[PDB]
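**Q** PDB entry and its sequence, pasted below:
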Amino acid sequence: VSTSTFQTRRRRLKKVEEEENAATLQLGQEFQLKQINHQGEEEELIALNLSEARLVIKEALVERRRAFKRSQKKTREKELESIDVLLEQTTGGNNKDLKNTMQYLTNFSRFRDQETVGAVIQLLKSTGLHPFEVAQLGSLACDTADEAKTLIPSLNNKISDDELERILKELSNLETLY
Amino acid sequence: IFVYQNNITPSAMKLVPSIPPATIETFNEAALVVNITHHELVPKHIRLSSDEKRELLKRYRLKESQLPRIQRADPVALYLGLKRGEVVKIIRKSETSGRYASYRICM
Amino acid sequence: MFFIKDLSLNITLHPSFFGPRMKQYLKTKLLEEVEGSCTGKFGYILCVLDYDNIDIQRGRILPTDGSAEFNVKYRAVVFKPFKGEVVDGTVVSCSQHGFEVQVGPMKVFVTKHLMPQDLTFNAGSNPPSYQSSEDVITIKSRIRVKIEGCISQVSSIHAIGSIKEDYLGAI
Amino acid sequence: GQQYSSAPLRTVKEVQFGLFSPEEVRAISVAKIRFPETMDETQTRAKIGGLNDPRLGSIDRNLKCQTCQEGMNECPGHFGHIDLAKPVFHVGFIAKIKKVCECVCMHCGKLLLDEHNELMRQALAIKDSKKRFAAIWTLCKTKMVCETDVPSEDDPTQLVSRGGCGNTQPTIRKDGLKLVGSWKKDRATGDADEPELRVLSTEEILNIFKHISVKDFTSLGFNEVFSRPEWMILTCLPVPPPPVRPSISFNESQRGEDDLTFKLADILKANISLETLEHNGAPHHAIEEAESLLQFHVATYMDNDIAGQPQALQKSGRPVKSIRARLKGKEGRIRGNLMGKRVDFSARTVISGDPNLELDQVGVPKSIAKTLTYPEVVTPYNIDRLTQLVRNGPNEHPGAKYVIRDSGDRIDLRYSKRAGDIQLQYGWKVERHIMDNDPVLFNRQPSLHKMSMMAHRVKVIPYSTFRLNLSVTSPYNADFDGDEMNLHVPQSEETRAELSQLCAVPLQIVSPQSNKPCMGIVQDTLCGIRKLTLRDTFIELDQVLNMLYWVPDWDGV
Amino acid sequence: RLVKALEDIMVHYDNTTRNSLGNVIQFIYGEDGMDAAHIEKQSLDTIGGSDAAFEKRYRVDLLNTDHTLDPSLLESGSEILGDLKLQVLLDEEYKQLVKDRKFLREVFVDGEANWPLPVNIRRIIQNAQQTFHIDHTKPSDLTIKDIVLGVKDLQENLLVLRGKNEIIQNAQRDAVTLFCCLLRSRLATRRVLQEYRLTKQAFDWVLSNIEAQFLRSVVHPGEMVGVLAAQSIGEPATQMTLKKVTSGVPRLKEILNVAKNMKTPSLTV
Amino acid sequence: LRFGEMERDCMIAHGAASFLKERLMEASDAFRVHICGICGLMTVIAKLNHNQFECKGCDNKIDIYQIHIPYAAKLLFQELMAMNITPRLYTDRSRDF
Amino acid sequence: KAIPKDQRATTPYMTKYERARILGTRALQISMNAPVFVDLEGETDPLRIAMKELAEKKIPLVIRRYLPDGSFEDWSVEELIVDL
Amino acid sequence: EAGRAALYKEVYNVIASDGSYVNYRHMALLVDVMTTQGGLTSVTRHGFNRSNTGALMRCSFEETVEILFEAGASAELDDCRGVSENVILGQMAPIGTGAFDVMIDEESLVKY
DNA sequence: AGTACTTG
RNA sequence: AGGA
DNA sequence: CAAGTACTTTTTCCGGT
Ligand SMILES: Nc1ncnc2c1ncn2[C@@H]1O[C@H](COP(=O)(O)CP(=O)(O)OP(=O)(O)O)[C@@H](O)[C@H]1O
Ligand SMILES: [Mg+2]
Ligand SMILES: [Zn+2]
Ligand SMILES: [Zn+2]
Ligand SMILES: [Zn+2]
């Protein structure tokens, strides 16, 4: 058996249109902007910049280690070994994907501390950009507004070049000196 | 109501739905001699208010389909001048319970 | 990219597990089946969030076998790559044909032809590298790629990428 | 037994009826289906890349299916197809096709009446597709001209253009498998006298139906997704797989092909002729000939028993079995194989009465108990007991016939070299003999009663008849002048409960049919109960003591 | 055909009788909401005889020195005389019994008393008599309030329909009507004391068992009453085979067919 | 023996829902088919072993279910199809009421 | 839709069909080596154990009583009266 | 309503003519079924079997193939609410034992 | 042996 | 062709 | 238009042309 979602479409006989996924911010049916949490409420898409996602997973497994030991009652180079240990403790081990991901995020994150990822999340979520662009801006280091407007082509008319350059400048300051 | 002796010409009959929202009813005098409602076999039919029907359906968790039907041409649906959708509450005696309430939607 | 998604797996418990350590065996069966998984529809299901608040609900007993079926409503971190997504990664494989880049849980292969012309293969190096007038792309080297397209493939997703356009390539 | 599949198990919630689009038939298809020849790789006995398996289901039982590698008991058949040289009517839809032509313009494809006629918008209102089409037809059958302009929804002096085409409509009549119409015409105000008499082709009716508006056909009983009118005409024909039309393969060198397999080859042959006849030298009439024959074959395949008399008879005089014939009432698919079924865990013998059986028990002959089996699960509560019945084996009374493993594989205690040393494991199943006190469903046909099927307690006994208490005789309507009865063994712990908790004989004592007991004291006991209870009747100690000890619940007083 | 016509009919969890389209056939199964096997023929005493005979049986007048309950019937007999407050209760009682009697004669036009109803009251009383060893000589420890109100309370507890609304509540009142006519008739003050001679202890027991029995007597949501009805008509029809008007199997055949051209059409004037 | 049409009725009359199911399935006919979740047909090419599923013609390789029905119902459905009728089977509702 | 605990209007009594289905289900479960919530006082038949669980009212099951509209009331085997 | 009265009276008389007794409710229900439609719905193929119940259910008596052909033509949807539909599908029919659902409550399980 | 249907 |  | 025609579900379950 495989997993299902909150999207309840009834494709009765009519198979297709299998529309492409792009930088026209044309993601899947699944990764649409108007999502639905299991409480039934309409909630917006949650996209994470590497740094943000590194914390989330770390946090999750940290509290999972808490629940596991509770139910058993009756420096980036160093953060890597620290994480590789927590994985032995909570994850099924067989998950090579999570080990690979955590190594990648640990080595590729821009914002090391929770407060740092906090200010990043504030500064960016004010632009009115779609959570995908807001993530890419946080996870790819850019200097020219062109560098960003090129790598994230959806941005194109959405923000001012100077406004984007002010934002790129603040993100550059926020970069936790590893 | 128009009570006629023998017939009404199909010429005159074409003028019955002519004046809405007002309504017209044809009645052969010969049929009216005896009041069918008075018969042994004929129970108390009662026309329900739009709010009463609303409640009947709410209280029994029904769709209009699900109720028993009375034909628009039923002698009793004619006597009471029942219109499409109008519901009757039928109260019959029961050898079982003493009193039994049925419902019939109009056709 | 890297999303947080609300998902719901259906698990079918055999009667011999209807002991008080039930919710626990269930939460684990979910984690066994779901974590590590890779679907085309949602991408790589990486880490199941909020273990403490996983919703088991009332499980229906299936008539002929005594087993009960539960719809385990949950929330997880996913990774669904797209065409046009700009990703950074570390090189792994490297041949006459091109080089493969490890991006989180997935690899992206850059074709010899999806690179600038100036970059040429070099068999006579340890390990085999790609040489430019300025750059030297090899095994441990860090690269910024644009995903041209991806192939949903069983327990993985693989993609073909480019380093030909502006602001891409070696980091 | 069938193997484990990772596909999620689910139950059928809705059945969405419809018609096959030719494109679907082609899409679902695993092969087309070019040669009427069944197999013989030019006499070489092995299936052909032409008829039965050009990738379809499997034969041989040996050798698996090509496309799903499953083989025989797992493989549902796989459908193929036959691209028909010319369109043909579906035998079934012939009259609906006619009724649709009678409602629509046989030239532009517009409804003969619309929102402009009063009675029409009145009929269009009807929610019920079946009842609304009925109304649409009766109004539209009459309309013999497609109207260009009609009187406006206000005045007859100024007439509004509803939709083009003026053309006179044919007065369609059927000539068994053919729709032939009669256009009234006009010629110098008169004509008819002598109207245009021409048969309407399948291809023209197809083109008119193809041009029927979605809104229009949808106002008729149709559905733009599952059943468009054009789909009542057959263009591409689905070829069912072997499981549907199995070859009853006697000996090793003898075919034994199904009736459906022969009728399909007839269709193929009829089709091939038509195809070559039109592609090659087309002698115009010789085509309408081969076409009408193909129509006949595709008709008689689905329904052989048609009004238009000529029955398609197999070379033997015996007629071909239509698919319709397979589904028709009492015996045959619905009432024969789905509503009713032959079943395993069932036994039948002559019944006889026993005053020494309890109202709720049934005398089960040893031989029958040694055949009927109940699948008990190896549990700690029974482990030792079950290990002993297995030890006892298939021929001792309290014995077993099979041991079913976790592996799913069945051990036969009648032959297994390990029938002795068989060490039972929890979770295995032991198919043990039917034993004293197992609940079983007992029944006497007719079965016009809730009480004509009651649950009883097994009582394994000698001699070859089922023994029943005499008072239970009335609900069944049984007597012992040679009546026989049926026994059904439930195989679940779940079904056993249903039987003991709902259909048990004692539960059935007072019956709702007449709000009074449906069982009472009968015959000997009734005759003797009167005699015993007269004022005159006194019993001496000797007998009184036996009369007492006989009541199994006597207080000892 | 009877089976095929009625197969999909069952009693749902709203005591309602519906087909596979959920259309209501009967609002409550058999108009009373009762399982058929729990019913027994019972005589509705109230129904017949002289208006005079009725008066003697049911009437209690504590304000008349001849028509009071003798202090041999109950302990309070002496102090109950001329009690105007209690006499209001017995007047309600009596007037209700007379209402019943007129209503019953409306339903059963020919005065037929024997009807199948749930809960065999005759047995409960009989059983109370051996259970408690009722002394047909000694005076009861029952109050007129104990009887009058006791019966009035049990009535509020004979539940067929459960809903919190007028519509459903009236359905309940209606379905329970006839049974209560029996209940009030077999449990009137004069009757309980003079005839049954019950003690407060025995009367409380009679009351609980009526309640218990009644509740056990209702139809179970799930009952395939359609098939059951089909079979309950069908089976006998097979057993009648295996002005001289058409009857039996062929008239039944005429009926189910809704045959227009009937064999022996006859009017009764 | 034949557990016939009439016998089915007595079972329905008793309310033995599971016992009826058992007679018609486990004790007789019972079979497992794979059906496509898009066109409710038995189209699926279940190579259950390589865990491959597929419904070419829907290009569906994902939305597939396994169902337990009497072999004679598998038959009825294939027969209805050969005759052009589509008995589409669906494991979810869409109408309510 | 799912009717709340206050607002439930079905019988407070267990149906003949409910009782039978529960005994069956529990017997089938006990038989499939499921945990038993009662002391088997020398007990060995899963149906006899099921009766004991229902008597001690230690069956961890719930009856979902569907209504013709599709809505339902959930009832615990604990709360259901067994006058049956 | 007088139709129901007459219909019952007549039915009852055939039963009582033989000397038999069938409890009111059975005959009442038959009479009630023929009535509910507003007219005199006969117990025949062209009567009750032509109502709006399930295509599979209806095909199980008298007009079989003809019914199923019509279902495919009008794209009919079977509810799968009828007994006969589940009998065909080899599914636990919503009858007695199957008129409700059974679920494990974790709370009560961990309570014991 | 009946009912809508069908054909003269 | 037989059986209740 | 009507008469006379065909079909149909026409009770259930159990040796062998
Ligand atoms: N064709 C048939 N179809 C169904 N059931 C039949 C049948 N023929 C006989 N029976 C059943 O067999 C029973 C016995 O009929 P018979 O064998 O002729 C003896 P009897 O007519 O009952 O009179 P008796 O008890 O005084 O001797 C019937 O009551 C009936 O249930
Ligand atoms: Mg006999
Ligand atoms: Zn295959
Ligand atoms: Zn036209
Ligand atoms: Zn498909």
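**A** Received, thanks. Numbering: from 1, shown residues only, chains lettered A, B, ... in the order given. Ligands and ions are numbered 1, 2, ... in the order given.
**Q** Residue D:211 contacts residue D:107, correct?
**A** No: the pair residue D:211 and residue D:107 fails to qualify as a contact (Cβ atoms under 8 Å) at a distance of 9.2 Å. In short, each C-beta sits where N, CA and C put it, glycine included.
**Q** could you pull out the strands for the chain?
**A** No chain was given, so I picked chain A. A:34-36, A:42-44, A:46-47 (DSSP state E).
**Q** meant chain G actually
**A** Along chain G, counting by DSSP E, strands occupy G:61-66, G:72-76.
**Q** The last one near chain H anywhere?
**A** This points to strand G:72-76. Yes: Strand G:72-76 is in contact with chain H by Cβ under 8 Å from any Cβ of the partner chain, via G:72, G:74, G:76.
**Q** near chain B too, which of those?
**A** Among the residues of strand G:72-76 next to chain H, chain B is touched by none when using Cβ under 8 Å from any Cβ.
**Q** about what we covered before: out of the strands of chain G, which one sits most buried?
**A** By mean neighbour count, with neighbours taken as mean count of other Cβ atoms under 10 Å in any protein chain shown, strand G:61-66 ranks first of the strands of chain G at a mean of 22.
**Q** Give me the residues contacting that one.
**A** Applying Cβ atoms under 8 Å, 6 or more residues apart in numbering or on different chains, the contact partners of strand G:61-66 are C:58, C:60-61, E:13, E:221, G:10, G:14, G:18, G:22, G:25-26, G:72-77, G:80, H:94, H:99-105, H:108.
**Q** how about the helices in the chain?
**A** Using chain A here. In chain A, the helices defined using DSSP state H lie at A:50-70, A:77-90, A:96-108, A:114-124, A:131-139, A:145-151, A:161-174.
**Q** wait, I meant chain H there
**A** H:2-18, H:24-36, H:55-59, H:64-73, H:83-89, H:106-111.
**Q** How about chain F?
**A** F:5-14, F:17-24, F:71-82.
**Q** for the stretch 151-269 of chain E, same thing?
**A** With DSSP state H, counting those that start in this stretch as the criterion, the stretch 151-269 of chain E has helices at E:166-186, E:189-190, E:200-216, E:225-239, E:248-256.
**Q** Leaving out sequence neighbours, find the closest residue to the residue in chain A positioned nearest to chain B.
**A** For chain A and chain B, the shortest gap (Cβ to the nearest Cβ) falls at residue A:10, measuring 21.3 Å. Distance criterion Cβ to Cβ, 6 or more residues apart in numbering or on different chains; nearest residue to residue A:10, sequence neighbours excluded, is residue F:94 at 5.8 Å.
**Q** so what's the residue of chain G most remote from its centre up against?
**A** Most distant from the centre of chain G: residue G:69, at 23.6 Å, with distances by Cα atoms, centre = their mean. Shown in contact with residue G:69 (Cβ under 8 Å, 6+ apart): B:61, E:22, F:97.
**Q** Of the strands of chain A, flag the one that's most buried.
**A** Sort these by mean neighbour count, taking mean count of other Cβ under 10 Å, and strand A:46-47 sits at the top with a mean of 20.
**Q** starting at the chain centroid, how far to that strand?
**A** Distance, stretch centre to chain centre, for strand A:46-47: 6 Å (Cα atoms, centre = their mean, to the nearest Å).
**Q** what are the pairing partners of it, and which direction each?
**A** In its sheet, strand A:46-47 lies beside strand C:3-13 (antiparallel), with partners assigned from DSSP bridges.
**Q** which parts of the strand it pairs with are buried?
**A** Under the neighbour-count criterion of 16 or more other Cβ atoms under 10 Å in any protein chain shown, strand C:3-13 has C:3, C:4, C:5, C:6, C:7, C:8, C:9, C:10, C:11, C:13 buried.
**Q** tell me which parts of chain B are close to chain F?
**A** So chain B meets chain F at residue B:63 (Cβ under 8 Å from any Cβ).
**Q** Of all the residues in chain E, which one is nearest chain D?
**A** For chain E, Cβ to the nearest Cβ, closest residue to chain D: residue E:36, 3.2 Å.
**Q** How about that residue: what's its closest non-neighbour residue?
**A** residue D:512 (3.2 Å).
**Q** What are the neighbouring residues in contact with residue H:43?
**A** E:1, E:2, E:5, E:256, E:257, H:30, H:34.
**Q** Against ligand 3, how distant is the nearest residue to the fifth one once chain neighbours are set aside?
**A** In space, not counting the residues next to it along the chain, residue E:257 is nearest to residue H:42; the distance is 5.7 Å by Cβ to Cβ, 6+ apart. Using Cβ to the ion, to the nearest Å, we find residue H:42 at a distance of 47 Å from ligand 3.
**Q** Surely residue E:5 touches residue H:36?
**A** No: proximity of residue E:5 to residue H:36 does not meet the contact threshold set by Cβ under 8 Å, at 12.0 Å.
**Q** Compare the two and say which one has the larger neighbour count.
**A** When residue E:5 and residue H:36 are compared for neighbours, residue E:5 comes out ahead with 24 against 21, by other Cβ atoms under 10 Å in any protein chain shown.
**Q** what's in contact with the strand or helix carrying the more buried one?
**A** According to DSSP states H and E, residue E:5 maps onto helix E:2-6. Residues outside helix E:2-6 that contact it (Cβ under 8 Å, 6+ apart): E:226-227, E:229-231, E:233-234, E:256, F:9, H:29-30, H:33, H:43, H:48-49, H:60-61.
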